[PDB]
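Participant: need a 3D model of the sequence below.
(2 chains, ligands or ions: 8)
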2 protein chains.
Amino acid sequence: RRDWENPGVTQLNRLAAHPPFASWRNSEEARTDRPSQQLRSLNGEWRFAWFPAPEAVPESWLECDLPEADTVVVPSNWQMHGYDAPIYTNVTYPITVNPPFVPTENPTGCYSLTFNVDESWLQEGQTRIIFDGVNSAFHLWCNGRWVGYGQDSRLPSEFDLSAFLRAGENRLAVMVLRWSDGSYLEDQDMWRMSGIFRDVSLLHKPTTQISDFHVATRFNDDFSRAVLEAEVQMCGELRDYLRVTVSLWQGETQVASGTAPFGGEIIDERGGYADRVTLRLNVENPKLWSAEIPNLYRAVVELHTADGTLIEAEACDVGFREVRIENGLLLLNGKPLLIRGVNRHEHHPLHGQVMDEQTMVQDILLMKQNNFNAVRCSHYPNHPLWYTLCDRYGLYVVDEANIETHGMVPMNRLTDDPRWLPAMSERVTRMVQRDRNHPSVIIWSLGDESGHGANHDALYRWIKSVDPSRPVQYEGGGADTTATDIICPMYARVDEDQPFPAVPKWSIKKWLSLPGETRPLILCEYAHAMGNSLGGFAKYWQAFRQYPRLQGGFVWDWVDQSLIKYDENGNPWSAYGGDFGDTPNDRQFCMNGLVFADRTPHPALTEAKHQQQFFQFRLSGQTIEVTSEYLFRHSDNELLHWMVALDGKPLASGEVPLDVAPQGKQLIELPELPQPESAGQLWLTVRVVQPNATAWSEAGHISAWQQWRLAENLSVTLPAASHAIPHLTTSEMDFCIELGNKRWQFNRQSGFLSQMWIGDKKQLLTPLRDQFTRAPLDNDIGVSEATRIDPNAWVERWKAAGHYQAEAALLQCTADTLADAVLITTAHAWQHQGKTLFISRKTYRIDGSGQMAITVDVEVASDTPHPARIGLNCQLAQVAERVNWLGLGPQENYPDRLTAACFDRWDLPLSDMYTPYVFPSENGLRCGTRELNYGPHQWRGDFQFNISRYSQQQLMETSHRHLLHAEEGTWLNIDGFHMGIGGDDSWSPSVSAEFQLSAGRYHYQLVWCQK
Amino acid sequence: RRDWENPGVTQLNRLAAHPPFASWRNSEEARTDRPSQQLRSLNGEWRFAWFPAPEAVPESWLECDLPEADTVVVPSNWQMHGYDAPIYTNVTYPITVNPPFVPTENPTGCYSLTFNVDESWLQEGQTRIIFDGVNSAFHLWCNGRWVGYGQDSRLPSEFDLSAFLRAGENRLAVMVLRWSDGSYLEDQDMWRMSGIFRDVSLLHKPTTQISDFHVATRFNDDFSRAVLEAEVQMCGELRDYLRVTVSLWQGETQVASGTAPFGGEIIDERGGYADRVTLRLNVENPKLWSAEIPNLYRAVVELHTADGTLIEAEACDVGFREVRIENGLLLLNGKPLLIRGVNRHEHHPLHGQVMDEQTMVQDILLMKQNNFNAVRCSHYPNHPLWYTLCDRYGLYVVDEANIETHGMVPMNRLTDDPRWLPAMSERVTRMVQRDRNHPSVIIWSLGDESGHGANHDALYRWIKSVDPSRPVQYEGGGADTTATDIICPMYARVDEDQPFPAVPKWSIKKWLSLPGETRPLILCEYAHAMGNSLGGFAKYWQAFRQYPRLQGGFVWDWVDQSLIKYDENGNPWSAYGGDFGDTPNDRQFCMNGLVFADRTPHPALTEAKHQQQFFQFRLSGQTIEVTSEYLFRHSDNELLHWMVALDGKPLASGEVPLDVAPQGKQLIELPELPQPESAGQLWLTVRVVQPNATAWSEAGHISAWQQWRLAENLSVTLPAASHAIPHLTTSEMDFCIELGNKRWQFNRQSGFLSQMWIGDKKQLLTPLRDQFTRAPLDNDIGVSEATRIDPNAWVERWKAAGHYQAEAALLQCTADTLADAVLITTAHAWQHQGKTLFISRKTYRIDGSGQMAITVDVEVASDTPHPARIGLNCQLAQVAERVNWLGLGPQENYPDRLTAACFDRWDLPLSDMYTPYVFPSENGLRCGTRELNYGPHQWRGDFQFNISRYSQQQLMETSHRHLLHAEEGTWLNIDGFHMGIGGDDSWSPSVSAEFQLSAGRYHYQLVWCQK
Ligand SMILES: [Mg+2]
Ligand SMILES: [Mg+2]
Ligand SMILES: [Mg+2]
Ligand code: NA
Ligand code: NA
Ligand code: NA
Ligand code: NA
Ligand code: NA
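Facilitator: Residues are numbered from 1 along each chain as shown, chains lettered A, B, ... in the order given. Ligands and ions are numbered 1, 2, ... in the order given. See the structure here:
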């Protein structure tokens, strides 16, 4: 019998799913959520053995331990131990598509454990084993006898072991198969791994036991009265003395309580459920649950004899909140949500897909620190602890089934096939049966990227029938099918329609108002944070806030899916698809995160925070208007900090308490400002500071900021007339200008400033030449590979037009000596196949004050793909420690991703100006700069720049960040103009038109000097 | 592995479900629906042995035939060969309620066959085996080798035999388990059998094959234009040269054709279905399919090469029809339906649940002959030919899933369990896949009597999503759940509410207008025809006709589920529950038909035929208005015959052809009425006749009738004064009267007429005593038996009051002499435990003409249960040939079942006056009778009566008709008054208040005379 190749069989002898149990026998331990002695952990050291296929496991293995076995940590993924390779493939199945068959060579992993069982446990009561997560299907033996079988990689599989165990020493044997008919529904865009990867545990229940419980909370019209409604189910022999008591606690007060015998209401012509009882507790003025204020009451479900003997107590955290869609909005406790969400995969760089508390918490605090309030379980039910943290710390969660059939042609081929409705139902019902009493789950999802098939309709309805407290969403089949209560497209652009056939991604603003449309829209995936990305983020939030029915989205995604490899020396590095002998593979597409796998944040993460702010600001003369975007909480942990500066020079600053009601407003008057006497632009900068620490933030946390321009007085006063006049010395090869101990050289055969000297030390390593290219970002590149070109990729259009192999061509090199300055005039052309791509017309002016004034006017051929940048580079000899600039910072910014950056005087170490994306590209730019200092040099103007030890050439050549070597000197790029980075998605051009460089003609001017 | 005890395993290696195939290789054979070489029936003499449990089956049966095995016929139920008992159980399971387990004693049938196969089937192609129905689960071997496993007893199981087939002799081996986890979904109110009870066959397909095809027909606003859409699916190797052609035939005329290459439209992001194609044929002015006119087109689906070579062809019948529910109405072709329907179980008194063409055709004719237009497949999908017969003769069909969990407590224990959804979904989905192309199927049913659970919700939505062309219904959980498009209760009375908790059965009229309700109502069952029943039928049809949203129902039900047993003298007799040693059993409850098992009608059938007429009549003076109720046809096969008669004596008649349009009115004026000479009542009669034979009826079929009272001439002339005087001769013991050769003897102690005389021939045996009781009908008894008494039952009310044993207690017996006559005056009182139940006061009068005028006046204690009858009985000495009566008939009628009867002179043999219900009771009543001749006797007046060789004693004491024996002479009951027979259901009192005898005081006079 080949059960792993049969969608008719997804389990054998597996127990019914249910909410989390611990089988407490002291009601007080249950109340306080302390450990229970009836819930043992079996996590630790086990005996592992790898085999190429199930047919190749020795028959002795069932009875005796294998000599060639190893001792390994369970839970784990055997790939993370090196037994075989993890595979990164997005869409295409890692297997031959031949349902329901799998490869014959089926990497098989043979886990065993020798553990001890106390005698008491076996004398009375049921003993079961719980496999929280096994990938992707496994058989189970206990002491040589066969126990059962199970599929689904992401929901617990439970097995009654009462009849199999003995006193003291016992032995498990778990035959985990990598490939199974399960895998056809587990085709998510993520590393393919396997094994026993979540907790293993033993559960001792009484024979007469609580077998299930459902908590429901409904309200009156203003949430001042609530009825908690708990349905309890039991197994065992029914007796009149039996009772369930349900008691609700807020901290340590008991606020409500209900006691009844078993025997539910009459349901039909045969009567009612003898083995169920429903308790109804009235609760005046309940404290409501939200992400803002995550209030939690505690429910204790006691099964006991009426005369007062506790049989067992089970329990859960309860949060009084109401989720519904009325008149086209998604309401929570009456109010319209704004979903500042992120998609988060369960991933660790060392541990693979094995989740731990420390990392989950690290993830949550950062999420909440950067202004998120929601997270999608993409694309499976998470480790059970995760919901508990979301319950407690406060987050809106979308719980999503382990169903993805992305590799199918068409994508619905399995989801429309009735013979797959059994395996799909199991993946939806068992999630619901497991998670339905977690407050943090507000939305149920039917899975991911699996077309639209009658099965989606069937299961959608099943949920709706079983659980009306949570709306049901599903993106498949074009995001607005009959299987979704919410339009939830992935990567639908704000303004631009992408009218694909059958499944068009309409513009979000447009989608809402389609004939007969009324539903709310919350993107399930948007802003594809792969590499240098999130260009266009502000465009969504402006929209989100303007349109009531646009209620947010979920970014793709949270954490880069990189893995650690070690080199010859034992030094660690970050690996992506293909780096494991895995073939085929989608290379670096596993890394679409806001943070690196170690949780160091991409610069993209700051923009998200600033846009996801909970306070909005307007300025009107000398009045700041603060508006709250909170639905429930006041601003009881907020002070407003303001600062006025003349070009980075602090002039004044104050502090005013924020006392803003939810959705309310505060008007703040600033003192009459001192009106400055010297030239420059003023900048007002408000910051919202949280003076007090919280569960999720430190004292002083900045949760919001904003800048404005105030008065500007333009410099009209002249520079002092310097008496000295620079000497031009014309040679055969060079126009050499001199001033004091300062020296310029202009190679006349190339037409560039080829050297400088301060005193007598050389200042340059490469000549100062124009640049109209960049080391391509992931969004420039997209799906394009050497063997499958996408000629519509920005990079591939740039290559074809000859941008990267465009040779300069000298047209003019002239010197003029003036009254008090020497003037150099150059003109250039870049050509590819008899085609002038660009033309650059320059003037250099060196005066008696030793300040070189460069003027650059560039022509761009109207029919060459709009250029990546319009600027200059050189390779200075200088390597300094500090970069000081007056401009946008402190972090990396680009034209279409620069809202979170502030205009000010910044100062940082040189390595902070390099941004270490695993896949190396252009990086570290800061726009809107008026002054740049780097050692002896100063640049003034109005430009964008980056500075590092990495040439654009080395960047575009190198495949991995760790393979980069610090080049000699410092490479500087000073752009007058720079193309946006885009990132609406990352496999089609996504840089919005107003961010592409199409003006045709460009002009920028730089004063270059030494101080 | 015990698969018969696992609802996670419903099949192994079973090929997919599909419409009926034939793999024709000649398009003309396809078009004409002739046999195909490629489909062999394996029905015939198989080998069979029976086993007590699957564990007792020897391993030598897989390779060789067991010598002890008998050669038996297949298809069959092994019960009908008498290998074990058939079990009749209504609600309670035939096994212990222990999901998923069945008993370890599980009757097991070992079928097998040695067969030979064509060389070309061994050479190429797919050869599958198709068991149309195996009850209940089975394993399959071919040539010693294991093939697969199957469940669900009422849909076909198909497996591929290609890899198993050998040269020469092959051997099948089918192990049939009577009980399985499948038994828990098959709990219908019927006989419990098993075996291979439907067709077994071999189908030989090309490798590149048609694997599915869908035929849809949509319409415009007037059905003057129609599109036929045909979705075609294939398996095997696609090649650029393959084509599909869908042609549509009407008689010998192609009407339209569609040819195209495989390649469907873009479905989702990943493309379309390359292995499918959808053909669209435009058809102008189509002939629509209705039960009124079964207009059929023929559809041929050719898989062929573009160069013109045919690979194979499949085909079906097409009826252009649209079924929608709009503004609260079930419309067919845009017209509101009136469902004149019945539930029909697959039953035969010799063969069990095996079906044949001769039986079906018999059933279909009879139903259509008796004014039925719809039928419910109660409660499973039927043998496949049934739908074809329905398509062709024209009946509306409810196709019902094979899911019934009547025995669960509560009824939804399984249907609300997500562990049972897979097993359930197979049973629903696979019916559609099979049956979706039959025009006759207008409604999908989700099963029967299984409560309401989320599984029902899930599958409803699946059907809506998969087949939008058909409304889905289901009675479970209240008859108006979220799971039905039609309010489809069972046994919801017309005017009376029955406010049951959770599942109330409202009065149908009230149900419609329940607040917020809009859906239409059609009873999925009504009018329990159990024994002497169908009383109160006319009340349904009056309401059906008045309320537009009441759109009919299906009677429970067609045929009696009696099974033939033979006696000691080898003589057949009809047997019910417990007659096979089966226990527990629900006795005569398997028998609720309008026809007997042999398809002889019960007398309730003629009532139904009358009430379900298609022409309505009114009389206004001399003007008959004839109204057609037909939705589509004109009366192209009807002529009205009219007839006037003065007390049975023809006065005039005539014919006028009906030329009535559908839903129109014809006014037929009767000629100047011939005014009669004598004294009596004129009665108008009208019979509608079909002169031409049809496919469903002989030439001369009477389809409708109606009577009316016209002018009455009250008799006034005085008796012609005779010159004879009756002489009173009073003795001590008996008041005795003479008159010529006539002699009357009234007893003084009893107080009744004890003996009459004609010469020396005594006329009586049992004296003319009163009667206030009847041998109880099935409706009178209900659910009550000796061990559990139902105190509510009509019978148990009469038993417990004394009605059945109370004795006459004479209060007076006098004899005054009149001038021209003699006058006897009696009084009686009936008592029990000191209570006076009935006082009876009579006055016999004998004049010189021989006429004896009996005048009766009865008192009834207001607080005794209302009695079954008020009248007289005597056992007459003579045994006769004929009965002759002026009054309603000719067939048996009761107060609430006499609309179908007609007033006239009827002459039948004595045995037609006895109705041989398998459970004997009160029978052969004829109401509204004015004259009654039998032998020389004659009873005049206004009364009802029955006349048989069986006493009310023998009938109430015998439980089976076959065990009755004619008694000496003839029992006559003459009733002044009879209570209704009832039957809105058969488990609670259902006799309507207006047919209960409740007045307290009752009068009626008789005249007895020798003619
Ligand atoms: Mg995907
Ligand atoms: Mg089974
Ligand atoms: Mg039933
Ligand atoms: Na909004
Ligand atoms: Na990805
Ligand atoms: Na690179
Ligand atoms: Na009607
Ligand atoms: Na029955």
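Participant: what packs against the longest helix anywhere in chain A?
Facilitator: As assigned by DSSP state H, the longest helix anywhere in chain A is helix A:421-435. Taking 3 or more CB pairs under 8 Å, 6 or more residues apart in numbering or on different chains; DSSP states H and E as contact, the helices and strands that helix A:421-435 lies on are strand A:441-445, helix A:454-466, helix B:421-435. Every residue, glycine included, has its C-beta placed from N, CA and C.
Participant: need the ones you listed in TSV with distance to ligand 3, can you?
Facilitator: Below are the helices and strands packed on helix A:421-435 laid out as TSV (distance: least, CB to the ion, whole Å):
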stretch	distance to ligand 3
strand A:441-445	35
helix A:454-466	23
helix B:421-435	16
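Participant: now these in JSON lines, with distance to residue A:836 and mean neighbour count?
Facilitator: Below are the helices and strands packed on helix A:421-435 laid out as JSON lines (distance: least, CB to CB, whole Å; neighbours: other CB atoms under 10 Å in any protein chain shown):
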{"stretch": "strand A:441-445", "distance to residue A:836": "54", "mean neighbour count": "25"}
{"stretch": "helix A:454-466", "distance to residue A:836": "56", "mean neighbour count": "25"}
{"stretch": "helix B:421-435", "distance to residue A:836": "67", "mean neighbour count": "24"}
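Participant: from residue A:955, how far off is the residue of the stretch 701-850 of chain A found nearest chain B?
Facilitator: Residue nearest to chain B within the stretch 701-850 of chain A: residue A:783 (13.8 Å; CB to the nearest CB). The spacing between residue A:783 and residue A:955, counted by CB to CB, to the nearest Å, is 21 Å.
Participant: same check on residue A:410?
Facilitator: Residue A:410 is 40 Å from residue A:955, by CB to CB.
Participant: now the longest helix of chain A and helix A:454-466, what's the angle there?
Facilitator: 30 degrees (axes from the mean of the first three to the mean of the last three CA atoms, to 10 degrees).
Participant: where along the stretch 201-350 of chain A do the helices fall?
Facilitator: For the stretch 201-350 of chain A, no helices are identified by DSSP state H, counting those that start in this stretch.
Participant: show me where it has its strands.
Facilitator: A:209-219, A:225-235, A:242-250, A:253-260, A:266-268, A:271-272, A:276-284, A:297-305, A:309-318, A:323-326, A:329-332, A:335-336, A:339-343 (DSSP state E, counting those that start in this stretch).
Participant: in three-state terms, label residue A:583 for me.
Facilitator: coil (DSSP: H, G, I helix; E, B strand; the rest coil).
Participant: can you list phi and psi of it for me?
Facilitator: Note on residue A:583: backbone dihedrals following degrees, to the nearest 10 are phi -150, psi 130.
Participant: against residue A:32, how distant is it?
Facilitator: Taken as CB to CB, the span from residue A:583 to residue A:32 is 53 Å.
Participant: so for those two, which residue has more residues nearby?
Facilitator: Counting neighbours by other CB atoms under 10 Å in any protein chain shown for residue A:583 and for residue A:32 shows that residue A:32 has the greater number, 14 against 10.
Participant: quick one: the more buried one from ligand 5, how far?
Facilitator: 42 Å (CB to the ion, to the nearest Å).
Participant: just checking, residue A:719 touches residue A:853?
Facilitator: No: using CB atoms under 8 Å, residue A:719 makes no contact with residue A:853, being 11.2 Å away.
Participant: neighbours around residue A:1011, how many?
Facilitator: 7.
Participant: excluding chain neighbours, what is closest to it?
Facilitator: residue A:938 (5.5 Å; CB to CB, 6 or more residues apart in numbering or on different chains).
Participant: next up, the contacts around that neighbour.
Facilitator: Each residue near residue A:938 by CB atoms under 8 Å, 6 or more residues apart in numbering or on different chains is listed here: A:931, A:932, A:1007, A:1008, A:1009, A:1010, A:1011.
Participant: bridging residues for the residue lying closest to the third one once chain neighbours are set aside?
Facilitator: Spelled out, it's residue A:1007. In space, and not counting its chain neighbours, residue A:1007 is closest to residue A:940: 4.7 Å by CB to CB, 6+ apart. Counting by DSSP bridges, residue A:940 is bridged to residue A:931, residue A:1007.
Participant: please tell me how far residue A:940 sits from residue A:886.
Facilitator: Between residue A:940 and residue A:886 the computed distance is 9 Å (CB to CB).
Participant: give me the common contacts of those two.
Facilitator: Taking CB under 8 Å, 6+ apart as the criterion, residue A:940 and residue A:886 both touch A:930, A:931.
Participant: surely residue A:170 is in contact with residue A:144?
Facilitator: No: look at residue A:170 against residue A:144 with CB under 8 Å: they stay out of range, at 10.6 Å.
Participant: looking at the two, which is more packed in?
Facilitator: Taking other CB under 10 Å, residue A:170 and residue A:144 do not tie; residue A:170 has more neighbours (16 against 11).
Participant: need the nearest residue in space to the one residue in chain A that gets nearest to ligand 8, chain neighbours excluded.
Facilitator: For chain A, the residue closest to ligand 8 is residue A:269, as judged by CB to the ion, at 15.1 Å. Nearest residue to residue A:269 in three dimensions, chain neighbours excluded: residue B:503, at 5.6 Å (CB to CB, 6+ apart).
Participant: ok, now residue A:684?
Facilitator: residue A:708 (4.8 Å).
Participant: list the contacts of residue A:231.
Facilitator: Taking CB under 8 Å, 6+ apart as the criterion, residue A:231 is in contact with A:212, A:213, A:214, A:216, A:264, A:276, A:277, A:278.
Participant: now with 6 Å, please.
Facilitator: A:214, A:278 (CB atoms under 6 Å, 6 or more residues apart in numbering or on different chains).
Participant: how about residue A:293?
Facilitator: Residue A:293 sits next to A:632, A:633 when contact means CB under 6 Å, 6+ apart.
Participant: switch the cut-off to 8 Å
Facilitator: A:287, A:394, A:632, A:633.
Participant: equivalent analysis for residue A:72, please.
Facilitator: A:45, A:46, A:47, A:48, A:78, A:81.
Participant: any of these buried? List them.
Facilitator: A:46, A:47, A:48, A:78, A:81 (16 or more other CB atoms under 10 Å in any protein chain shown).
Participant: looking at those, which is nearest ligand 7?
Facilitator: After measuring those against ligand 7 - CB to the ion - the closest member comes out as residue A:78, at 69.6 Å.
Participant: surely the closest one touches residue A:194?
Facilitator: Yes: between residue A:78 and residue A:194 there is a contact at 6.5 Å, judged by CB under 8 Å.
Participant: quick one, phi psi at the residue lying farthest from the centre of chain A?
Facilitator: Largest separation from the mean C-alpha position in chain A: residue A:819, at 60.4 Å (CA atoms, centre = their mean). When quoted as degrees, to the nearest 10, the phi and psi of residue A:819 stand at phi -60, psi -50.
Participant: could you find the closest non-adjacent residue to it?
Facilitator: Leaving aside its sequence neighbours, residue A:819 sits nearest to residue A:725 (CB to CB, 6+ apart; 7.8 Å).
Participant: residue A:633 now?
Facilitator: Spatially, and ignoring its direct neighbours in sequence, residue A:633 is nearest to residue A:292 (4.4 Å; CB to CB, 6+ apart).
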